[PDB]
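Following: one structure in structure tokens, then a few remarks.
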Amino acid sequence: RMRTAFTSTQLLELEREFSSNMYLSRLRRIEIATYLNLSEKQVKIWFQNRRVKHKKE
DNA sequence: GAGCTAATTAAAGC
DNA sequence: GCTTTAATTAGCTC
């Protein structure tokens with residue numbers, strides 16, 4: 001695929017979620033996606049990569 | 001059987 | 001050329 005870019009707002013809301021939840025139901029993933037104007041796959045992969053980063057730190 | 005972690009790959013912006 | 005990170009893949013597990 002081609003890489004997605006996120007606005008500063010989207011990144012800040014995605015990282016507010018990761019602060020509370022670190023894992024998401026399939027339903028919450030669709031919620032966040034619709035609120036953020038993102039697709040479900042974009043939210044899913046962001047959360048996967050974020051967890052990898054969070055362990056390394 | 002979707003969904004998770006790890007290890008990559010390589011595209012994105014400088 | 002460099003660093004950060006979105007995306008893919010192989011493997012495991014309930």
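Hydrogens, waters and symmetry mates are skipped; everything else that's a heavy atom, side chains included, is used. A, B, ... follow the sequence lines: proteins, then strands. Residue 1 opens every chain.
Put simply, CD on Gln10(A) is 11 Å from P on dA6(C), counting in whole angstrom units. Distance CZ (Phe18(A)) to P (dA6(C)): 12 Å, rounded to an integer number of Å. Here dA7(C) presents its P atom at 10 Å from CG of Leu38(A), a figure rounded to the nearest Å. Here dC4(B) presents its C1' atom at 15 Å from CZ of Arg26(A), a figure rounded to the nearest Å. Rounded to a whole Å, the CZ atom of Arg3(A) is 5 Å from the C1' atom of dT5(C). Here the P atom of nucleotide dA7(B) and the CG atom of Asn49(A) are 14 Å apart, to the nearest Å. The separation between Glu40(A) atom CD and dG3(B) atom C1' is 12 Å, rounded to whole Å.
Linking ILVMFWY residues whenever their side-chain heavy atoms come closer than 4.5 Å, directly or via other members, places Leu24(A) and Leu14(A) in the same cluster. No single ILVMFWY cluster, assembled from side-chain heavy atoms under 4.5 Å apart, contains both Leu27(A) and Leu36(A).
Side-chain N/O atoms of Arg50(A) include none lying less than 4.0 angstrom from OP1 or OP2 on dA6(C). For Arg51(A) and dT5(B), the shortest distance from a side-chain N or O to OP1 or OP2 is below 4.0 Å. For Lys41(A) and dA7(C), the shortest distance from a side-chain N or O to OP1 or OP2 is not below 4.0 Å.
For the side chain to side chain donor-acceptor pair (under 3.5 Å) test, no residue two or more places apart in sequence or in another chain qualifies with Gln48(A).
Considering only the side chain of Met2(A), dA12(B) comes nearest among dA7(C), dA12(B), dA6(C). When distances run from any side-chain atom of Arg29(A) to the nucleotides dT5(C), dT8(C), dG3(B), the shortest one goes to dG3(B).
Put simply, the side chain of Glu15(A) does not reach to within 4.5 Å of the side chain of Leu11(A), judged on heavy atoms.
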